[PDB]
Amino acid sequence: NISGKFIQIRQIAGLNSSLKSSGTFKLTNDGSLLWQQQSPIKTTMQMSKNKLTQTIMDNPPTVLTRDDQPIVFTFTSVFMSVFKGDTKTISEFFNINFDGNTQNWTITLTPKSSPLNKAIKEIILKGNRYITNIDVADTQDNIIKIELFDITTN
């Protein structure tokens, strides 16, 4: 399995500040992702084969739907897929451009068709042995930038 820390900055074009959050993540080879936001409010996202849930503080988790939360479903799918080397699944829904080498690469993803291309403009991933940066731009001039660090394999 693979685990590390994240810092997340959300820039919505109409807001007068950026929204910052941070926490940890844990991936296992059996396709589970645990995304634990620790600041500024505790929240947890859990992905497994057939399910994505989100938990806010100590409230009951809710099951997310791809039709209501397309960007979260897309982000977690792409995140998992790149850690696993599963470019086949990515290429079903995205155009892929790879630039660089094993020590420094950038992957640019643009959606191939509707309805994904109504939600996402581009996803940019950068990294080395592991992903270090993920940026998600929606079609409304909003950007979410994530940095991954202190990554270890266990």
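Just count from 1 along the sequence shown to find any residue number.
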Greater mean Cα temperature factor according to the PDB record, 131-139 or 21-29: 21-29
Mean Cα B-factor comparison, 66-74 or 107-115, giving the higher one as deposited: 66-74
Residue with maximal Cα B-factor (values as given in the PDB entry) among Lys42, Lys126, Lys49, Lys121: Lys49
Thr102 by Cα B-factor - lowest, middle or highest third of the modelled chain: highest
